[PDB]
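Heads up, the Cβs are rebuilt from the backbone with ideal geometry, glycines too, and the neighbour counts pull from every protein chain shown. A short reminder: the numbers here are calculations on the coordinates, not readings from a lab.
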Amino acid sequence: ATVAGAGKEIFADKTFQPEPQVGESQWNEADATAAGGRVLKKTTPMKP
Amino acid sequence: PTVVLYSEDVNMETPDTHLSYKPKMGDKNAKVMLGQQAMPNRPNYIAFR
C-alpha cells in the first residue's frame, strides 16, 4: 500500500489460486477463522 | 496438589542434527517455537586414498 488507498485486498484467483498442497505448516496449529478450499461439482462421478 | 515436577538445568546441545523449519529468526523460546522440526546431517566418509 503506497498511500493505503492502493495495495488493496488481493483476492484468490478463481482459476487455480486456492491450491491443494498449501495449508498450515506445523502441528501446533493456530486454527484461524477464514478458511477456503476446493470441491467438485455434483456432475462429476465419485471415485476414491 | 496432584502433580509434582522436578525442574533442572541441562547442557542441551545437538551434535549432528539441524533444523529444517524455524518459525522465527529470533531466540527467546516462546509458544510459537514449540513445534520446530529437526533432521539429520548428510554423511561423510573421510579416509585415506
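The criterion of being part of a loop (DSSP other than H, G, I, E, B), over 30 Å from B:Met33 (Cβ atoms) and more than 14 Å from every other protein chain (Cβ to nearest Cβ) does not hold for A:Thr33. If the condition is being hydrophobic (A, V, I, L, M, F, W, C), more than 14 Å from chain A (Cβ to nearest Cβ) and either part of a loop (DSSP other than H, G, I, E, B) or more than 21 Å from A:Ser25 (Cβ to Cβ) (or both), then chain B contributes B:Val3, B:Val4, B:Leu5, B:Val10, B:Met12, B:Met25, B:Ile46, B:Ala47, B:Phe48.
Taking first residues from the range A:15-30 that are more than 9 Å from chain B (Cβ to nearest Cβ) and partners that are part of a loop (DSSP other than H, G, I, E, B) and of a type in the set (A, V, I, L, M), the Cβ contacts under 6 Å between residues at least 6 apart in sequence or on separate chains come to A:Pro18/A:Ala12. Contact map, the range B:1-26: residues that are touching a residue at least 24 places away in the same chain (Cβ under 8 Å) paired with residues that are assigned to a loop (DSSP other than H, G, I, E, B), Cβ distance under 7 Å, separation 6+ or inter-chain. Pairs shown: B:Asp16/B:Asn41; B:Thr17/B:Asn41. Of the listed requirements (1) in contact with a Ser or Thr (Cβ under 8 Å, 6 or more places away or on another chain); (2) of a type outside the set (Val, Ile, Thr); (3) on the phi > 0 side of the Ramachandran plot, B:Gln37 misses just one: (3).
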